[PDB]
């Protein structure tokens, strides 16, 4: 409950509050933009690759609704105070919770992991085990990382152990994902492999922003510059930077591969 500590203790200034709102807003705006693209490029690809576009489409709705709800929740959860000149947390149900983002990833991560297996062929690996290990590891990554965030402020020590258990589940993801890229690369045109490598480095970078934002409150030391409203701002841009990269750009690039393969 990092945002609710800052939101109630220090408060949010007008710039910070309206930035998180605006960033989240264009976040769900580009989600619907990416959805428009994936529907249009469904007959651009062969029937074999149309499962990937649907997975992109399904991912687009869920990210939009998440970014949509979190944008609405952010607008309503913090009420302006006239005497102090800041926005403070207030009472209701349906308050802004960054853990809702986690539960979204619980289902979005496997889809984003699966849909490349529908684009990319597996050589010297069976589709079942790869997909099956993707599922358990990514799910195991998110659930324990979900747990650690509960101790983001009250217990930094549990925040450490739980958040570290998941980052090896992360390292599992990258260790199963690399061969998917590798084995699927050779055999198809080299330009599609170059795309696929860009898809890998993009994969690498964007998926580090999610533990990187998980480390925003305690980056400039435990309670430094980022244990403030700017650390709350910084976290929500980062997520929005990651979400476009991890989903829209990632799916757009998986389609180019599917288009190149006809």
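Numbering follows the first chain given and starts at 1.
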Ranked by mean Cα B-factor in the entry, 217-225 and 48-56, top stretch is 217-225
When the Cα temperature factors in the entry are averaged, is it 140-148 or 67-75 that ends up higher?
140-148
Report the option among 82, 98, 104, 125 whose CA atom has the maximum B-factor in the deposited record.
125
If you rank every modelled residue in this chain by C-alpha B factor, which third holds residue 179: lowest, middle or highest?
highest
Third of the chain, ranked by Cα B-factor, where residue 111 sits
lowest
In terms of the chain's CA B-factor thirds, is residue 185 lowest, middle or highest?
highest
Taking only the Cα B-factors deposited for this chain, tell me whether residue 62 sits in the lowest, middle or highest third.
lowest
By the recorded C-alpha temperature factor, relative to the other modelled residues in its chain, which third is residue 86 in?
lowest
